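Quick notes on the structure that follows.
Here, each number is a calculation from the coordinates, and none is a lab measurement. Note that each Cβ is placed from the backbone with ideal geometry, even for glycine, and that neighbours are counted across all protein chains shown.
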Amino acid sequence: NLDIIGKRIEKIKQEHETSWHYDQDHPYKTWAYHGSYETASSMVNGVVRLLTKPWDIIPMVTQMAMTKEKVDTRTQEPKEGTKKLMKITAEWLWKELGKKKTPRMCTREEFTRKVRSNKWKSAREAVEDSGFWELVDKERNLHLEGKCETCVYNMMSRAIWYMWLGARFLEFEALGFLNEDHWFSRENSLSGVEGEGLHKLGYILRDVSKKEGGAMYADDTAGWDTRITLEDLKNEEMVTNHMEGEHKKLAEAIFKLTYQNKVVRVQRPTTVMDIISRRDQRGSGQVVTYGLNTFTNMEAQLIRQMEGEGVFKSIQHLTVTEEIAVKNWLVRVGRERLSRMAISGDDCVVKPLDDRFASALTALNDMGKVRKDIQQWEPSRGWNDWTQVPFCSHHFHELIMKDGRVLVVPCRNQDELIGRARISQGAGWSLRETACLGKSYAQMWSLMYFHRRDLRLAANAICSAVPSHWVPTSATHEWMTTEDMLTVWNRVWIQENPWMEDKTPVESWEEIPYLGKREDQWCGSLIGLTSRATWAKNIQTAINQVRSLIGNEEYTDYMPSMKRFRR
Ligand SMILES: O=C(c1ccco1)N1CCN(C(=O)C2CC2)CC1
Ligand SMILES: [Cl-]
Ligand SMILES: [Zn+2]
Ligand SMILES: [Zn+2]
């Protein structure tokens, strides 16, 4: 333990030798405390808020802009039968994921290009300073030597662990391939959805619905990242078994020194910097966190499926022939069972063979993946209709175009969409940068949420209010473009859509349908309210208010793309 974390602890004690104090009133039980030393609210987007006036009196919108007891927890050691199921399943899953992919190191060039597209002031500055890279080299050579000096986390149902850019590089070099080479694409992982836009996710859920079987289950885990066991981290580490030479050694060091042993500096108002350590839980880059969460979720859900199908009798202990049965299940039907699932990190949808899955809870609870908002042994409540299943914060509607073609569209409560577009993060936004962020939300709404009456109108208004040539600023983001949004809509929903056989382009926005008016209201629309009527009728006055603030620029009127403003 301290042989792996001591050097990092020693180095920090020195940069604060006139403060090091072993507080005895420390608030840590599950985190090991080592010592102490002496040591970003949401802003409103004015462009979006001025063009969404009716929502100024909707508390579900307005409260979103205003204003850890789970990290300090301890998950128990799984039983021996549970550990066997996880090791057999993880071994088989890394082999399947690796059948058509080659693990490889990511490069300083790739890392530099990422930072250049979002002592040293910023990341862009450090990437260019050859002094930085000489620091990376020292740490790198130390990792090859099996030791760590500078890979330390900083803390800040969310908890984000920043490290310095150098440590982030070493993580990206060893494990970036998982994301950069799409190991969790649907084509490669079967259950995954990595690189699938919101315009794909509903079609994927409808394809899972077409399988014979039981209800669709979408159980959320209570604090997934806090329930990652040291056994989970050891099964995730087995990806290094597919690696070779240097890469194998560099990846092994990231898992050993930074994931399976962690050093964290947390601020305590009491102000002292708390240097704490622990072996378990998730604490990695957010992108590596997504892939390893997807992997360990796919494993956990296949084991729950095995439990429901009776592949093993008890988690207490696998018999020798139960192990052969688990292996033979994976080889015989593993790829089919993966295709019965849609898994995005800690978020899953599973269509099992039948509803025995609902009460198959012993492995899931013993792995520590305890379900949110339900008693530990109460059977899961499944969904009978793919259009009601929650996934990635959405549900999905089946929408038939006047010409008979079928759109499967993403949806969520409209107060959440408007309340999020009204918020910026960070300081020093110019009026132009605030306008270009509003334009990014407006174009996302035109592409993904065109079927919501209020959002198509508000999107058209924002795009009318912001200069036509200004570039939108700050999954697939096809809305981040200055191309005409009708041309982008045709490319995404018709041309490139593998579920649409007839490729006839749409010639105008009037061909593109809305939800039913009652369904639009059920999902949050203000259609029918006097306020919404006054907003819609007077929208050119709101557009002109924003144009007057931005000043004398080139603007386009997009409002006559809608039937009601077309004379
Ligand atoms: O519900 C609707 C409507 C508009 C489009 C589809 O349905 N309306 C018409 C506009 N309205 C008004 O002008 C009334 C003064 C509020 C409210 C009733
Ligand atoms: Cl249902
Ligand atoms: Zn290190
Ligand atoms: Zn909806």
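Summary of computed values
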quantity	calculated
Filtered residues of the range 471-490 (kept if assigned to a helix (DSSP H, G or I) and surrounded by 14 or more Cβ atoms within 10 Å (Cβ to Cβ))	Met485, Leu486, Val488, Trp489, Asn490
Flag for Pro390 being within 16 Å of ligand 2 (Cβ to nearest atom) and either more than 19 Å from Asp346 (Cα to Cα) or crowded, with 21+ Cβ neighbours inside 10 Å (or both)	no
Inter-residue pairs, beta-carbon under 8 Å, first away from ligand 3 (no atom under 16 Å from the Cβ) and in the range 381-395, second among the β-branched types (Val, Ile, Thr), 6+ apart	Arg381/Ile374; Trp383/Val389; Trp386/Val208; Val389/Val349; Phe391/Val349; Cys392/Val193; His395/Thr387; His395/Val389
Matching residues in the range 457-483 - criterion: being more than 26 Å from the chain's Cα centre (by Cα) and either closer than 21 Å to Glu511 by Cα or within 16 Å of ligand 2 (Cβ to nearest atom) (or both)	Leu457, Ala458, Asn460, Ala461, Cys463, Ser464, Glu483
Selection status of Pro513, in a loop (DSSP other than H, G, I, E, B) and touching a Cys at 6+ places or on another chain (Cβ under 8 Å)	no
Any hit, the range 410-420, residues being within 16 Å of ligand 4 (Cβ to nearest atom), of a type in the set (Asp, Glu) and out of contact with any strand residue (DSSP E or B) (no Cβ under 9 Å at 6 or more places or on another chain)	yes
Residue selected from the range 511-534 under the condition more than 16 Å from ligand 4 (Cβ to nearest atom), over 17 Å from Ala442 (Cα atoms) and not basic (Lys, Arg), by the criterion nearest to the chain's Cα centre (by Cα)	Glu511
Near pairs, Cβ below 8 angstrom, 6+ apart or cross-chain, from the range 522-536 (over 13 Å from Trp55 (Cβ atoms)) to any residue that is among the hydrophobic types (A, V, I, L, M, F, W, C) and within 16 Å of ligand 4 (Cβ to nearest atom)	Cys523/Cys411; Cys523/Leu515
Tally, over the range 500-537, of residues that are buried (at least 16 other Cβ atoms within 10 Å of the Cβ) and of a type in the set (S, T, N, Q)	2
